[PDB]
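Please read the structure below before turning to the comments.
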Amino acid sequence: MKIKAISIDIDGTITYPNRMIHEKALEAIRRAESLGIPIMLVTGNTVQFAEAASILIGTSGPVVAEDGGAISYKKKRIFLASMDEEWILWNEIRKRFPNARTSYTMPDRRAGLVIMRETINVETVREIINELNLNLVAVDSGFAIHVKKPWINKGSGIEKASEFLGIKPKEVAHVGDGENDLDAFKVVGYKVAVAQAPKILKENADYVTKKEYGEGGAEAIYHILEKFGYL
Amino acid sequence: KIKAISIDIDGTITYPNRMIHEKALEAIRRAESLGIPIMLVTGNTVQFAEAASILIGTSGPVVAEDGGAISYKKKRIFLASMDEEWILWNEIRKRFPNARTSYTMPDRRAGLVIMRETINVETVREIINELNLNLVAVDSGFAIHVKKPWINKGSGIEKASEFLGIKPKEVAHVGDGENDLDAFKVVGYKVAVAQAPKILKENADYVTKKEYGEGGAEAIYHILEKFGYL
């Protein structure tokens, strides 16, 4: 089919390594929007962070946050999961690993427990999940540990976001930089990975940009616009 | 001498449509590179302010909920809680079924934000007085904020200064509205962007030639220059 929207990660994709917005990605996004191609920001950060990013950058597509657990579009928030077993898990960690900590953003989240990977390894988290017998998965992005329901991921988030836009998920082109972007790659029509992305993501991408980080995100957007006749 | 710069987000470092202005972005990053922390100030949520700090690249504390929330180094401090605000809202919904609150209310803890598109600020004040609640209602032009009378940008900036380890009088503030007078009062240097109301300009040390984001950039460079950082 045809590509009608571009989904793209925030951190490591439209930013500098320190997470601040990269001017080249900012401009590429604004040009894409002006060409009638909505940009859907995707992130493991909170839905509030994602909304702020959309407002400041100027994106018009729904935002997919909490790694696909939360979606916001036109000021309407929709959460694809709620928390319960995550509290059972954390309480056990609290009692057994007094140095373990969760993200300061937990008050804002509703579809995933975020743990500071520097305070406890994901292996230990998974062991407890198995012990208490919980229907949860723990994923280490290398930056933080996300504990969530098995069905929650960037792919399912993008599929739902696509509904709000009125398009098919296969009409979306995704730009990512990490391993969990494989989930998004699975549901979309075109797949792009920025230069510093893991081998596993690159192998599954239709195109790997020459540049990494923000410049890569900009390159990815231009590649998509050009390949699908928008520019 | 000025050691930090506090600056509003909307109307000061953005375009009228709320998008970040590249010139203000460059100026903020230059100030930071030169060793001058930027403290973002806003009536928006603390989460929005934190996001703005990360995306823009500021290192100073952020002052949100119009002074009711401060965040620094991943530590959030709320200077108020809501109680009477909900009593007020309950009465408002009974009398005016079309009045609505901001979708961001679940994120806030120090101020009720009412959609100005749905009810007049004058009406809100009338109800506050009738119920004899200890609250004030301010119209930012974007939304109506109902908060405790002692919560404001100035008191927020003073607290933020404490966390930064500096004195409020070592801060230079850049504002665009009436509510920035509270900030002007506590800081050491005052700047107003071109579209600011007469009341703010008359009390500013410098009024920029440009409006909005371009004005914010001009303000930052004027400050950096005046205090010998350029």
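Labels below follow one simple rule: chain letters A, B, ... track the order of the sequence lines, proteins then strands, and each chain is numbered from 1. Note: hydrogens, waters and symmetry copies are ignored here, and every other heavy atom, side chains too, is used.
- Side-chain atoms of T12(B) do not come within 3.5 Å of backbone N or O of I9(B) as any donor-acceptor pair.
- With hydrogens and angles disregarded, no donor-acceptor distance shorter than 3.5 Å links the side chain of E85(A) to the backbone of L134(A).
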From CA spacing to verdict: side-chain hydrogen bond (donor to acceptor under 3.5 Å, both in side chains), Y221(B), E26(B): CA-CA 10 Å; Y221(B) 275 109; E26(B) 189 280 338; 2.7 Å; yes
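- Partner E85(B) forms a salt bridge (charged side-chain N to carboxylate O under 4.0 Å, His left out) with one of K148(B), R109(B), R108(B) and no other, that one being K148(B).
- With sequence neighbours excluded, the residues that form a side chain to side chain contact (heavy atoms under 4.5 Å, CB included) with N153(A) are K148(A), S156(A), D183(A).
- Checked by atom type and distance alone, the side chain of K190(B) pairs as donor or acceptor with a backbone atom of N203(B) at under 3.5 Å.
- Atom CZ of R76(B) sits in a crowded spot, with more than 12 heavy atoms from other residues, nucleotides or ligands closer than 6.0 Å.
- For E171(A), the salt bridge (charged side-chain N to carboxylate O under 4.0 Å, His left out) partners two or more places apart in sequence, or in a different chain, are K4(A).
- Between the side chain of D181(A) and the backbone N or O of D177(A), at least one donor-acceptor pair lies under 3.5 Å.
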### Verdict with reasoning, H22(A) to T15(A), per side-chain hydrogen bond (donor to acceptor under 3.5 Å, both in side chains)
CA-CA 5 Å; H22(A) 194 295; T15(A) 67; over 6 Å; no
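- Between the side chain of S53(B) and the backbone N or O of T58(B) there is at least one donor-acceptor pair closer than 3.5 Å.
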(Q) Does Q47(B) form a side-chain hydrogen bond (donor to acceptor under 3.5 Å, both in side chains) with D108(A)? I'd like the steps, not just the answer. (A) CA-CA 8 Å; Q47(B) 296 89 345; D108(A) 317 329; 3.0 Å; yes
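- Between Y189(B) and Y206(B), the ring centre distance reaches or exceeds 6.0 Å.
- In this structure a side-chain-to-backbone donor-acceptor pair under 3.5 Å is present from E32(B) to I38(B).
- At distances below 3.5 Å, at least one donor-acceptor pair connects side-chain atoms of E218(B) with backbone N or O atoms of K209(B).
- Under the 3.5 Å distance criterion, the side-chain polar atoms of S103(A) are left unmatched by any main-chain donor or acceptor of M106(A).
- Taking the charged nitrogens against the carboxylate oxygens, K153(B) and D8(B) do have a contact shorter than 4.0 Å, which makes a salt bridge.
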